[PDB]
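One chain comes next, on its own, written as structure tokens: the form deposited in one PDB entry.
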């Protein structure tokens, strides 16, 4: 007797590695016990011992089987060892079956959870890379012919009609060594500042590769028990924030490209405030009069950058920030990734011109901010972003001219190295460049640092975001700059970049 039926052959999900082959998401065998209730209903005498072997109350187990008496498949328990599955099979209960199924394990756990994401119990990607590249990773299930008796029990395997096709291996752009370093130091910074959250992005300025992307809080994707959704946010891609002063190098790029400004030109910022009708632009350091363009960045003078913006026009500044990608679609396609907002106007009055120029009222992601600094470091050329390992580098787009980019690079090196600069961002053994930011949330603060290294031949761009530090310190040059120093120092050494901060003949 029996009936001819076709059943599926699950496909083996593809391995996800870092850029060097280190396993990040692996489908490994676990032993699973399942049951056909229609068969179980013929051997009720065996139920209590089966319940006991499954750690179930006898009556709760007997109730569950009765409530599913019309189904032909229920799970008993998933994730045993082969030895554990055999002990239950040794009861020889009709309708109880053991199978080996491949389920996801994440060997680096919380360290790359936001980037990698996870699959559901149907093993379909639902977060992070697992979702974004689900088609690549999933493969194609097969089909095989069976004969089933009246209860649904397979009584003969007839033939395979189509073989399963396994999913494909995927190598991410992430370097797990940099990821671990970034993860540990971001975690340390949250403790030292009693901060609520944070992000750290590392990018290869020559290839567009996202070398590291970590956030706090994070979660263990191997133990998703009562996960708070806040811990699951890949903030670097799905949270927007005001970049504030960290956009001032792009305002400065527009200034230098206009033909009306050189680094040694001077701006009077006395007395540290600038009234624009009912609005008042304010500096924190208000013991300045004449500042040159590098000093405007070193002191992070909102007044100074605003006066420059009045001279060159907001349109030139908006265009640079648009070109380097701030508030613009990255095109990556990460689930929930935000585009943000670069505010636009028909005509730009002084107030809107000033706030644009020092990053007030803008919305960007940490990925966008890092990509913009990568283009600046790469002599003004923006290489497309990638979450996967890049073997053939695609052509970039020139978004800032090489001469202007090179001059702004040198100014940003001075921001880190010059007297009164952001000395905590200095990278031991290397010349580094960057810009701090401190944004008041609308007192709560967000502490920023963005930069790149080595200055002589940039390789890595990095953004550090510390959300709501609660200690006495909250300025970006105190809170986020030291994280940049430690992570950049380690990342450059892990990538075997030759140190470039060597004495001249006279300094030796």
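Positions refer to the first chain, counted from 1.
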Unmodelled residue 473 in at least one third of other entries with both flanks present | yes
Residue 442-residue 443 interval: deposited residues absent from the model = 4 to 9
The stretch carrying the higher mean Cα B factor in the deposited entry, 347-355 or 244-252, is 347-355
For the stretches 104-112 and 84-92, which has the higher mean C-alpha B-factor as given in the deposited record?
-> 84-92
Which one, 323, 214, 223, 378, has the peak C-alpha temperature factor per the PDB entry?
-> 223
Tell me which of 452, 449, 475, 61 tops the list for C-alpha B factor in the record.
-> 61
The third of the chain into which the C-alpha temperature factor of residue 154 falls is the highest
Which third of the chain holds residue 427 when residues are ordered by C-alpha B factor: lowest, middle or highest?
-> middle
How does residue 263 rank on Cα B-factor within its chain, lowest, middle or highest third?
-> middle
Would you please rank residue 483 by its C-alpha temperature factor against the other modelled residues of its chain and give the third it falls in: lowest, middle or highest?
-> lowest
Could you tell me which third, lowest, middle or highest, the C-alpha B-factor of residue 280 occupies within its chain?
-> highest
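The same protein also exists as the form deposited in another entry; that form is not shown, yet it is the one meant from here on.
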Selected hinge residue, 43, 29, 333, 384 [rigid parts, motion between this form and the one not shown] | 29
